[PDB]
$ cat input.pdb   # PDB, C-alpha atoms and all ligand atoms
ATOM      1  CA  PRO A   1     -14.852   1.338  11.905  1.00  0.00           C
ATOM      2  CA  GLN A   2     -13.149   4.540  10.684  1.00  0.00           C
ATOM      3  CA  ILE A   3      -9.349   4.106  10.579  1.00  0.00           C
ATOM      4  CA  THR A   4      -7.132   7.185  10.349  1.00  0.00           C
ATOM      5  CA  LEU A   5      -3.644   7.048   8.919  1.00  0.00           C
ATOM      6  CA  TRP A   6      -1.418   8.839  11.497  1.00  0.00           C
ATOM      7  CA  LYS A   7      -0.157   5.366  12.405  1.00  0.00           C
ATOM      8  CA  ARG A   8       0.244   2.277  10.236  1.00  0.00           C
ATOM      9  CA  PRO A   9      -3.261   0.678   9.759  1.00  0.00           C
ATOM     10  CA  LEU A  10      -2.331  -2.533  11.533  1.00  0.00           C
ATOM     11  CA  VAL A  11      -5.117  -4.938  12.457  1.00  0.00           C
ATOM     12  CA  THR A  12      -5.377  -8.396  13.948  1.00  0.00           C
ATOM     13  CA  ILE A  13      -6.280 -11.176  11.571  1.00  0.00           C
ATOM     14  CA  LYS A  14      -7.132 -14.842  12.130  1.00  0.00           C
ATOM     15  CA  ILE A  15      -5.872 -17.358   9.589  1.00  0.00           C
ATOM     16  CA  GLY A  16      -5.336 -21.100   9.793  1.00  0.00           C
ATOM     17  CA  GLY A  17      -6.658 -20.732  13.303  1.00  0.00           C
ATOM     18  CA  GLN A  18      -3.799 -18.423  14.382  1.00  0.00           C
ATOM     19  CA  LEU A  19      -3.782 -14.716  15.203  1.00  0.00           C
ATOM     20  CA  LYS A  20      -1.427 -12.373  13.340  1.00  0.00           C
ATOM     21  CA  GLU A  21      -0.945  -8.667  12.741  1.00  0.00           C
ATOM     22  CA  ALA A  22      -1.308  -7.270   9.227  1.00  0.00           C
ATOM     23  CA  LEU A  23      -1.327  -3.962   7.398  1.00  0.00           C
ATOM     24  CA  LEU A  24      -4.370  -2.826   5.453  1.00  0.00           C
ATOM     25  CA  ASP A  25      -2.750  -1.853   2.132  1.00  0.00           C
ATOM     26  CA  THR A  26      -4.798  -0.156  -0.569  1.00  0.00           C
ATOM     27  CA  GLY A  27      -1.739  -0.140  -2.848  1.00  0.00           C
ATOM     28  CA  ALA A  28      -1.581  -3.913  -2.852  1.00  0.00           C
ATOM     29  CA  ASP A  29      -3.599  -5.816  -5.424  1.00  0.00           C
ATOM     30  CA  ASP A  30      -3.038  -9.070  -3.490  1.00  0.00           C
ATOM     31  CA  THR A  31      -2.721 -10.289   0.122  1.00  0.00           C
ATOM     32  CA  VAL A  32       0.775 -11.400   1.092  1.00  0.00           C
ATOM     33  CA  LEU A  33       1.769 -12.943   4.418  1.00  0.00           C
ATOM     34  CA  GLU A  34       5.146 -13.771   5.912  1.00  0.00           C
ATOM     35  CA  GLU A  35       6.204 -17.411   5.779  1.00  0.00           C
ATOM     36  CA  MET A  36       3.870 -19.648   7.801  1.00  0.00           C
ATOM     37  CA  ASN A  37       2.334 -23.110   7.600  1.00  0.00           C
ATOM     38  CA  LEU A  38      -1.092 -23.157   5.952  1.00  0.00           C
ATOM     39  CA  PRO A  39      -3.186 -26.252   5.212  1.00  0.00           C
ATOM     40  CA  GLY A  40      -4.141 -27.016   1.630  1.00  0.00           C
ATOM     41  CA  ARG A  41      -2.737 -27.311  -1.858  1.00  0.00           C
ATOM     42  CA  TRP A  42      -0.676 -24.417  -3.208  1.00  0.00           C
ATOM     43  CA  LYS A  43       1.064 -23.417  -6.444  1.00  0.00           C
ATOM     44  CA  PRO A  44       4.212 -21.376  -7.118  1.00  0.00           C
ATOM     45  CA  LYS A  45       3.649 -17.790  -8.126  1.00  0.00           C
ATOM     46  CA  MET A  46       5.708 -14.644  -8.515  1.00  0.00           C
ATOM     47  CA  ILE A  47       4.755 -11.136  -7.428  1.00  0.00           C
ATOM     48  CA  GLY A  48       6.526  -7.825  -7.892  1.00  0.00           C
ATOM     49  CA  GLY A  49       6.899  -4.902  -5.542  1.00  0.00           C
ATOM     50  CA  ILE A  50       8.883  -1.710  -5.264  1.00  0.00           C
ATOM     51  CA  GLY A  51      12.232  -3.529  -5.213  1.00  0.00           C
ATOM     52  CA  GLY A  52      11.637  -6.415  -7.654  1.00  0.00           C
ATOM     53  CA  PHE A  53      10.042  -9.876  -7.622  1.00  0.00           C
ATOM     54  CA  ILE A  54       9.630 -12.577  -5.011  1.00  0.00           C
ATOM     55  CA  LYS A  55       8.512 -16.202  -5.157  1.00  0.00           C
ATOM     56  CA  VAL A  56       5.371 -16.951  -3.175  1.00  0.00           C
ATOM     57  CA  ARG A  57       3.079 -19.874  -2.432  1.00  0.00           C
ATOM     58  CA  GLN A  58      -0.439 -19.186  -3.742  1.00  0.00           C
ATOM     59  CA  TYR A  59      -3.262 -20.617  -1.593  1.00  0.00           C
ATOM     60  CA  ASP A  60      -6.744 -20.306  -3.091  1.00  0.00           C
ATOM     61  CA  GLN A  61     -10.070 -19.900  -1.277  1.00  0.00           C
ATOM     62  CA  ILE A  62      -8.588 -19.503   2.230  1.00  0.00           C
ATOM     63  CA  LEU A  63     -10.730 -18.276   5.098  1.00  0.00           C
ATOM     64  CA  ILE A  64      -9.329 -15.238   6.896  1.00  0.00           C
ATOM     65  CA  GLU A  65     -10.989 -13.113   9.597  1.00  0.00           C
ATOM     66  CA  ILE A  66      -9.992  -9.452   9.515  1.00  0.00           C
ATOM     67  CA  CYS A  67     -11.200  -7.679  12.645  1.00  0.00           C
ATOM     68  CA  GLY A  68     -13.965 -10.259  12.794  1.00  0.00           C
ATOM     69  CA  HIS A  69     -15.081  -9.713   9.173  1.00  0.00           C
ATOM     70  CA  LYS A  70     -14.758 -12.956   7.211  1.00  0.00           C
ATOM     71  CA  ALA A  71     -13.132 -13.127   3.815  1.00  0.00           C
ATOM     72  CA  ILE A  72     -12.456 -16.175   1.681  1.00  0.00           C
ATOM     73  CA  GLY A  73      -9.932 -15.721  -1.077  1.00  0.00           C
ATOM     74  CA  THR A  74      -6.433 -15.989  -2.387  1.00  0.00           C
ATOM     75  CA  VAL A  75      -3.563 -15.670   0.085  1.00  0.00           C
ATOM     76  CA  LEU A  76       0.064 -15.449  -1.000  1.00  0.00           C
ATOM     77  CA  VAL A  77       2.784 -16.639   1.429  1.00  0.00           C
ATOM     78  CA  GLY A  78       6.371 -15.530   0.972  1.00  0.00           C
ATOM     79  CA  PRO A  79       9.207 -13.242   2.049  1.00  0.00           C
ATOM     80  CA  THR A  80       7.287  -9.999   2.391  1.00  0.00           C
ATOM     81  CA  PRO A  81       8.721  -7.541   4.960  1.00  0.00           C
ATOM     82  CA  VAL A  82       5.267  -7.243   6.568  1.00  0.00           C
ATOM     83  CA  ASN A  83       1.938  -9.070   6.423  1.00  0.00           C
ATOM     84  CA  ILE A  84      -0.307  -7.098   4.017  1.00  0.00           C
ATOM     85  CA  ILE A  85      -4.034  -7.297   3.316  1.00  0.00           C
ATOM     86  CA  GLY A  86      -4.559  -6.264  -0.308  1.00  0.00           C
ATOM     87  CA  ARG A  87      -7.590  -5.226  -2.332  1.00  0.00           C
ATOM     88  CA  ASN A  88      -8.691  -8.783  -3.114  1.00  0.00           C
ATOM     89  CA  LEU A  89      -9.734  -9.162   0.554  1.00  0.00           C
ATOM     90  CA  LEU A  90     -10.355  -5.480   1.406  1.00  0.00           C
ATOM     91  CA  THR A  91     -13.203  -5.498  -1.122  1.00  0.00           C
ATOM     92  CA  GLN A  92     -14.763  -8.524   0.607  1.00  0.00           C
ATOM     93  CA  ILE A  93     -14.986  -6.770   3.987  1.00  0.00           C
ATOM     94  CA  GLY A  94     -16.422  -3.664   2.392  1.00  0.00           C
ATOM     95  CA  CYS A  95     -13.455  -1.325   2.770  1.00  0.00           C
ATOM     96  CA  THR A  96     -13.404   2.061   1.029  1.00  0.00           C
ATOM     97  CA  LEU A  97     -11.189   5.137   1.155  1.00  0.00           C
ATOM     98  CA  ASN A  98     -12.897   8.377   2.125  1.00  0.00           C
ATOM     99  CA  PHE A  99     -11.742  11.989   2.168  1.00  0.00           C
TER     100      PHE A  99
ATOM    101  CA  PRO B   1     -15.009  11.448  -2.369  1.00  0.00           C
ATOM    102  CA  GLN B   2     -15.572   7.761  -1.609  1.00  0.00           C
ATOM    103  CA  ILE B   3     -13.187   5.463  -3.476  1.00  0.00           C
ATOM    104  CA  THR B   4     -13.955   1.789  -3.759  1.00  0.00           C
ATOM    105  CA  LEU B   5     -11.178  -0.770  -4.142  1.00  0.00           C
ATOM    106  CA  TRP B   6     -12.419  -2.952  -7.025  1.00  0.00           C
ATOM    107  CA  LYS B   7      -9.730  -1.303  -9.131  1.00  0.00           C
ATOM    108  CA  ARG B   8      -6.453   0.333  -8.209  1.00  0.00           C
ATOM    109  CA  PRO B   9      -7.228   3.667  -6.383  1.00  0.00           C
ATOM    110  CA  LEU B  10      -5.640   5.925  -8.967  1.00  0.00           C
ATOM    111  CA  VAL B  11      -6.248   9.665  -8.799  1.00  0.00           C
ATOM    112  CA  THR B  12      -4.930  12.822 -10.433  1.00  0.00           C
ATOM    113  CA  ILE B  13      -2.324  14.851  -8.573  1.00  0.00           C
ATOM    114  CA  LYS B  14      -0.604  18.194  -9.260  1.00  0.00           C
ATOM    115  CA  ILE B  15       3.061  18.470  -8.229  1.00  0.00           C
ATOM    116  CA  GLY B  16       5.781  20.924  -9.288  1.00  0.00           C
ATOM    117  CA  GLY B  17       3.306  22.426 -11.743  1.00  0.00           C
ATOM    118  CA  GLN B  18       2.496  19.119 -13.494  1.00  0.00           C
ATOM    119  CA  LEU B  19      -0.397  16.660 -13.541  1.00  0.00           C
ATOM    120  CA  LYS B  20       0.182  12.969 -12.815  1.00  0.00           C
ATOM    121  CA  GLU B  21      -1.742   9.852 -11.819  1.00  0.00           C
ATOM    122  CA  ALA B  22      -0.908   8.346  -8.436  1.00  0.00           C
ATOM    123  CA  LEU B  23      -2.002   5.434  -6.248  1.00  0.00           C
ATOM    124  CA  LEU B  24      -3.575   6.181  -2.859  1.00  0.00           C
ATOM    125  CA  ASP B  25      -1.607   3.708  -0.728  1.00  0.00           C
ATOM    126  CA  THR B  26      -2.366   3.174   2.958  1.00  0.00           C
ATOM    127  CA  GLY B  27       0.488   0.652   3.113  1.00  0.00           C
ATOM    128  CA  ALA B  28       3.044   3.344   2.172  1.00  0.00           C
ATOM    129  CA  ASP B  29       4.525   5.303   5.070  1.00  0.00           C
ATOM    130  CA  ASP B  30       5.935   7.859   2.634  1.00  0.00           C
ATOM    131  CA  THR B  31       5.143   9.286  -0.762  1.00  0.00           C
ATOM    132  CA  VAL B  32       7.188   8.040  -3.715  1.00  0.00           C
ATOM    133  CA  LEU B  33       7.041   9.592  -7.172  1.00  0.00           C
ATOM    134  CA  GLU B  34       8.360   8.645 -10.615  1.00  0.00           C
ATOM    135  CA  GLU B  35      11.628  10.126 -11.803  1.00  0.00           C
ATOM    136  CA  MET B  36      11.200  13.881 -12.082  1.00  0.00           C
ATOM    137  CA  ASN B  37      13.666  16.762 -11.945  1.00  0.00           C
ATOM    138  CA  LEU B  38      12.400  18.929  -9.094  1.00  0.00           C
ATOM    139  CA  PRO B  39      14.200  22.117  -8.039  1.00  0.00           C
ATOM    140  CA  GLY B  40      15.773  22.552  -4.644  1.00  0.00           C
ATOM    141  CA  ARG B  41      17.918  20.611  -2.212  1.00  0.00           C
ATOM    142  CA  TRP B  42      17.465  16.884  -1.612  1.00  0.00           C
ATOM    143  CA  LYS B  43      18.974  14.050   0.439  1.00  0.00           C
ATOM    144  CA  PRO B  44      19.706  10.456  -0.652  1.00  0.00           C
ATOM    145  CA  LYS B  45      17.632   7.721   0.925  1.00  0.00           C
ATOM    146  CA  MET B  46      16.819   4.025   0.504  1.00  0.00           C
ATOM    147  CA  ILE B  47      13.275   2.668   0.845  1.00  0.00           C
ATOM    148  CA  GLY B  48      12.349  -0.996   1.010  1.00  0.00           C
ATOM    149  CA  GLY B  49       9.375  -3.033  -0.026  1.00  0.00           C
ATOM    150  CA  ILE B  50       8.602  -6.348  -1.595  1.00  0.00           C
ATOM    151  CA  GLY B  51      11.647  -7.384  -3.580  1.00  0.00           C
ATOM    152  CA  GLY B  52      14.126  -5.171  -1.680  1.00  0.00           C
ATOM    153  CA  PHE B  53      15.216  -1.535  -1.741  1.00  0.00           C
ATOM    154  CA  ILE B  54      15.518   1.308  -4.216  1.00  0.00           C
ATOM    155  CA  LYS B  55      17.587   4.509  -4.105  1.00  0.00           C
ATOM    156  CA  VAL B  56      15.526   7.710  -3.949  1.00  0.00           C
ATOM    157  CA  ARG B  57      16.014  11.467  -3.551  1.00  0.00           C
ATOM    158  CA  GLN B  58      14.212  12.978  -0.557  1.00  0.00           C
ATOM    159  CA  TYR B  59      12.683  16.448  -1.088  1.00  0.00           C
ATOM    160  CA  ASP B  60      11.112  18.367   1.809  1.00  0.00           C
ATOM    161  CA  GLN B  61       8.090  20.704   2.009  1.00  0.00           C
ATOM    162  CA  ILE B  62       6.720  19.789  -1.414  1.00  0.00           C
ATOM    163  CA  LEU B  63       3.161  20.850  -2.236  1.00  0.00           C
ATOM    164  CA  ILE B  64       0.973  18.270  -3.926  1.00  0.00           C
ATOM    165  CA  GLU B  65      -2.695  18.698  -4.741  1.00  0.00           C
ATOM    166  CA  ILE B  66      -4.701  15.462  -4.579  1.00  0.00           C
ATOM    167  CA  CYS B  67      -8.178  15.658  -6.139  1.00  0.00           C
ATOM    168  CA  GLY B  68      -8.359  19.331  -5.208  1.00  0.00           C
ATOM    169  CA  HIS B  69      -7.129  18.828  -1.623  1.00  0.00           C
ATOM    170  CA  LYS B  70      -3.701  20.280  -0.845  1.00  0.00           C
ATOM    171  CA  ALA B  71      -0.913  18.573   1.094  1.00  0.00           C
ATOM    172  CA  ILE B  72       2.670  19.593   1.867  1.00  0.00           C
ATOM    173  CA  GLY B  73       5.397  17.242   2.950  1.00  0.00           C
ATOM    174  CA  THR B  74       8.268  14.990   2.115  1.00  0.00           C
ATOM    175  CA  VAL B  75       8.305  13.446  -1.354  1.00  0.00           C
ATOM    176  CA  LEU B  76      10.724  10.730  -2.446  1.00  0.00           C
ATOM    177  CA  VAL B  77      11.737  10.639  -6.124  1.00  0.00           C
ATOM    178  CA  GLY B  78      13.172   7.625  -7.871  1.00  0.00           C
ATOM    179  CA  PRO B  79      12.666   4.641 -10.137  1.00  0.00           C
ATOM    180  CA  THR B  80       9.414   3.511  -8.621  1.00  0.00           C
ATOM    181  CA  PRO B  81       7.123   1.681 -11.054  1.00  0.00           C
ATOM    182  CA  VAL B  82       4.123   3.844  -9.964  1.00  0.00           C
ATOM    183  CA  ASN B  83       3.442   7.204  -8.298  1.00  0.00           C
ATOM    184  CA  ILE B  84       2.486   6.342  -4.683  1.00  0.00           C
ATOM    185  CA  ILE B  85       0.714   8.699  -2.283  1.00  0.00           C
ATOM    186  CA  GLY B  86       1.623   7.580   1.260  1.00  0.00           C
ATOM    187  CA  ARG B  87       0.231   8.210   4.727  1.00  0.00           C
ATOM    188  CA  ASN B  88       2.405  11.307   5.318  1.00  0.00           C
ATOM    189  CA  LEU B  89       0.213  13.144   2.759  1.00  0.00           C
ATOM    190  CA  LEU B  90      -2.971  11.086   3.029  1.00  0.00           C
ATOM    191  CA  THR B  91      -3.404  12.211   6.650  1.00  0.00           C
ATOM    192  CA  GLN B  92      -3.324  15.824   5.491  1.00  0.00           C
ATOM    193  CA  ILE B  93      -6.339  15.398   3.226  1.00  0.00           C
ATOM    194  CA  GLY B  94      -8.256  13.641   6.014  1.00  0.00           C
ATOM    195  CA  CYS B  95      -8.232  10.273   4.267  1.00  0.00           C
ATOM    196  CA  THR B  96      -9.626   7.366   6.251  1.00  0.00           C
ATOM    197  CA  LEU B  97     -10.288   3.655   5.750  1.00  0.00           C
ATOM    198  CA  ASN B  98     -13.876   2.600   6.392  1.00  0.00           C
ATOM    199  CA  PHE B  99     -15.430  -0.865   6.445  1.00  0.00           C
TER     200      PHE B  99
HETATM  201  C1  LIG C 101       4.419  -1.428 -13.160  1.00  0.00           C
HETATM  202  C2  LIG C 101       4.264  -2.299 -11.878  1.00  0.00           C
HETATM  203  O1  LIG C 101       5.416  -3.085 -11.680  1.00  0.00           O
HETATM  204  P1  LIG C 101       5.400  -4.250 -10.483  1.00  0.00           P
HETATM  205  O2  LIG C 101       4.236  -5.114 -10.674  1.00  0.00           O
HETATM  206  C3  LIG C 101       5.244  -3.367  -8.812  1.00  0.00           C
HETATM  207  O3  LIG C 101       4.329  -2.300  -8.941  1.00  0.00           O
HETATM  208  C4  LIG C 101       4.000  -1.798  -7.663  1.00  0.00           C
HETATM  209  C5  LIG C 101       2.567  -1.489  -7.340  1.00  0.00           C
HETATM  210  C6  LIG C 101       2.208  -0.955  -5.968  1.00  0.00           C
HETATM  211  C7  LIG C 101       3.323  -0.755  -4.900  1.00  0.00           C
HETATM  212  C8  LIG C 101       2.879  -0.238  -3.492  1.00  0.00           C
HETATM  213  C9  LIG C 101       3.141  -1.350  -2.456  1.00  0.00           C
HETATM  214  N1  LIG C 101       2.355  -2.521  -2.906  1.00  0.00           N
HETATM  215  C10 LIG C 101       2.894  -3.878  -3.060  1.00  0.00           C
HETATM  216  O4  LIG C 101       4.024  -4.249  -2.852  1.00  0.00           O
HETATM  217  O5  LIG C 101       1.858  -4.729  -3.523  1.00  0.00           O
HETATM  218  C11 LIG C 101       2.303  -6.120  -3.808  1.00  0.00           C
HETATM  219  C12 LIG C 101       1.401  -6.919  -3.324  1.00  0.00           C
HETATM  220  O6  LIG C 101       0.170  -6.780  -4.370  1.00  0.00           O
HETATM  221  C13 LIG C 101       0.685  -6.564  -5.550  1.00  0.00           C
HETATM  222  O7  LIG C 101      -0.029  -5.312  -6.245  1.00  0.00           O
HETATM  223  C14 LIG C 101       0.862  -4.330  -6.178  1.00  0.00           C
HETATM  224  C15 LIG C 101       2.333  -5.033  -6.005  1.00  0.00           C
HETATM  225  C16 LIG C 101       2.185  -6.199  -5.336  1.00  0.00           C
HETATM  226  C17 LIG C 101       2.627  -1.018  -1.051  1.00  0.00           C
HETATM  227  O8  LIG C 101       1.353  -0.540  -1.188  1.00  0.00           O
HETATM  228  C18 LIG C 101       3.510   0.086  -0.354  1.00  0.00           C
HETATM  229  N2  LIG C 101       4.790  -0.608  -0.062  1.00  0.00           N
HETATM  230  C19 LIG C 101       5.213  -0.889   1.357  1.00  0.00           C
HETATM  231  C20 LIG C 101       4.638  -2.243   1.801  1.00  0.00           C
HETATM  232  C21 LIG C 101       5.407  -3.458   1.325  1.00  0.00           C
HETATM  233  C22 LIG C 101       4.661  -2.189   3.371  1.00  0.00           C
HETATM  234  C23 LIG C 101       6.162  -2.394   3.907  1.00  0.00           C
HETATM  235  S1  LIG C 101       6.138  -0.010  -1.014  1.00  0.00           S
HETATM  236  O9  LIG C 101       5.689   0.598  -2.463  1.00  0.00           O
HETATM  237  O10 LIG C 101       7.213  -1.214  -0.893  1.00  0.00           O
HETATM  238  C24 LIG C 101       6.665   1.454  -0.066  1.00  0.00           C
HETATM  239  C25 LIG C 101       6.069   2.769  -0.420  1.00  0.00           C
HETATM  240  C26 LIG C 101       6.506   3.963   0.369  1.00  0.00           C
HETATM  241  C27 LIG C 101       7.518   3.765   1.520  1.00  0.00           C
HETATM  242  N3  LIG C 101       8.223   4.757   2.534  1.00  0.00           N
HETATM  243  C28 LIG C 101       9.138   4.029   3.359  1.00  0.00           C
HETATM  244  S2  LIG C 101       9.136   2.509   2.934  1.00  0.00           S
HETATM  245  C29 LIG C 101       8.107   2.455   1.794  1.00  0.00           C
HETATM  246  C30 LIG C 101       7.681   1.278   1.025  1.00  0.00           C
HETATM  247  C31 LIG C 101       4.744  -1.066  -5.210  1.00  0.00           C
HETATM  248  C32 LIG C 101       5.118  -1.591  -6.607  1.00  0.00           C
HETATM  249  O11 LIG C 101       6.819  -5.175 -10.417  1.00  0.00           O
HETATM  250  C33 LIG C 101       8.021  -4.720 -11.069  1.00  0.00           C
HETATM  251  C34 LIG C 101       9.217  -5.373 -10.401  1.00  0.00           C
END

$ encode --input "input.pdb" --output "structure tokens" --more "lines below"
Ligand SMILES: CCOP(=O)(COc1ccc(C[C@H](NC(=O)O[C@H]2CO[C@H]3OCC[C@H]32)[C@H](O)CN(C[C@@H](C)CC)S(=O)(=O)c2ccc3ncsc3c2)cc1)OCC
Amino acid sequence: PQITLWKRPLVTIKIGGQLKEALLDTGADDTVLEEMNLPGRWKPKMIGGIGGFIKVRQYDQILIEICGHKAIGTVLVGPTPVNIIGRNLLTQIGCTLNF
Amino acid sequence: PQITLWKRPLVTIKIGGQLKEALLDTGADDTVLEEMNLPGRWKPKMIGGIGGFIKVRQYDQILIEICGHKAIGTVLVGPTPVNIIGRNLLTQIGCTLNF
């Protein structure tokens, strides 16, 4: 679909079999979700944002459905203010910016 | 144009008579620019992201040109690591997300 930007580009995602809301974020290299339980092995990682760095759990090759489009990739879990879908998964669902 | 997301969506902007590179960021409500001494009145503000908050100066009715398309609105100036074009200006150039 075509998504305009008058409101936050919030969409419903499915991950670990649960539904959640997340922001499509072209300024984010990586996908970061609020704390949640996810199956699988993970490793500690650090990521930086506008205000400094946070510690996250890095889960590799996770299935996530974004408005019904499937992606399989890296998902970071940690104390983000909002669930964000970054470019690593936006590229998999075929997202572009147009103006 | 159409901008794919394999790489960071960096574009040239013109603001206060100067050229800069800036990230087109659908996850950013507002526009945040690197330290720059703009003329006119401003108001202090705090904006938050991953890692916490930063102190910025809020300027109103600032003209920015983004790949030849003009936009006018609020611009926040402070110690951001990157120039960020947010939805307040992206809407004005008709920018949409398409997958
Ligand atoms: C030189 C580089 O230094 P650096 O690496 C960080 O650089 C950076 C690169 C890009 C961005 C843009 C930010 N992306 C992000 O956090 O992405 C992370 C996840 O993926 C990784 O890739 C990029 C970073 C990692 C989002 O797109 C927009 N954000 C809001 C978002 C959290 C929704 C609430 S916002 O900027 O917080 C913001 C902007 C305007 C605004 N108006 C009112 S609120 C408000 C808040 C910030 C910093 O670390 C040094 C400590």

$ interface_residues --input "input.pdb" --of "chain B" --to "chain A" --cutoff "9 Å" --atoms "all atoms listed in the file" --output "PyMOL selection string"
chain B and resi 1-9+23-29+47-54+79-82+84+87-88+90-91+93-99

$ write_last_selection --input "input.pdb" --atoms "C-alpha atoms" --output "short mmCIF file (atom, residue, chain, number, x, y, z; two decimals), keeping the file's coordinate frame"
data_model
loop_
_atom_site.label_atom_id
_atom_site.label_comp_id
_atom_site.auth_asym_id
_atom_site.auth_seq_id
_atom_site.Cartn_x
_atom_site.Cartn_y
_atom_site.Cartn_z
CA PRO B 1 -15.01 11.45 -2.37
CA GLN B 2 -15.57 7.76 -1.61
CA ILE B 3 -13.19 5.46 -3.48
CA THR B 4 -13.96 1.79 -3.76
CA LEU B 5 -11.18 -0.77 -4.14
CA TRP B 6 -12.42 -2.95 -7.02
CA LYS B 7 -9.73 -1.30 -9.13
CA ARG B 8 -6.45 0.33 -8.21
CA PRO B 9 -7.23 3.67 -6.38
CA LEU B 23 -2.00 5.43 -6.25
CA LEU B 24 -3.58 6.18 -2.86
CA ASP B 25 -1.61 3.71 -0.73
CA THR B 26 -2.37 3.17 2.96
CA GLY B 27 0.49 0.65 3.11
CA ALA B 28 3.04 3.34 2.17
CA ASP B 29 4.53 5.30 5.07
CA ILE B 47 13.28 2.67 0.84
CA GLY B 48 12.35 -1.00 1.01
CA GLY B 49 9.38 -3.03 -0.03
CA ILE B 50 8.60 -6.35 -1.60
CA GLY B 51 11.65 -7.38 -3.58
CA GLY B 52 14.13 -5.17 -1.68
CA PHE B 53 15.22 -1.54 -1.74
CA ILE B 54 15.52 1.31 -4.22
CA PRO B 79 12.67 4.64 -10.14
CA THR B 80 9.41 3.51 -8.62
CA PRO B 81 7.12 1.68 -11.05
CA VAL B 82 4.12 3.84 -9.96
CA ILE B 84 2.49 6.34 -4.68
CA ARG B 87 0.23 8.21 4.73
CA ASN B 88 2.40 11.31 5.32
CA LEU B 90 -2.97 11.09 3.03
CA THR B 91 -3.40 12.21 6.65
CA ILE B 93 -6.34 15.40 3.23
CA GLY B 94 -8.26 13.64 6.01
CA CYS B 95 -8.23 10.27 4.27
CA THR B 96 -9.63 7.37 6.25
CA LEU B 97 -10.29 3.66 5.75
CA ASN B 98 -13.88 2.60 6.39
CA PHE B 99 -15.43 -0.86 6.44
#

$ closest_residue --input "input.pdb" --among "A:64, A:71, A:46, A:13" --to "ligand LIG 101 (chain C)" --atoms "all atoms listed in the file"
A:46

$ atom_distance --input "input.pdb" --atom1 "atom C9 of ligand LIG 101 (chain C)" --atom2 "atom CA of residue B:62"
21.5 Å

$ atom_distance --input "input.pdb" --atom1 "atom CA of residue A:65" --atom2 "atom CA of residue A:35"
18.1 Å

$ resolve_selection --input "input.pdb" --expression "the PyMOL selection byres (((chain B and resi 41) around 7) and not hetatm)" --output "VMD selection string"
chain B and resid 40 42 59
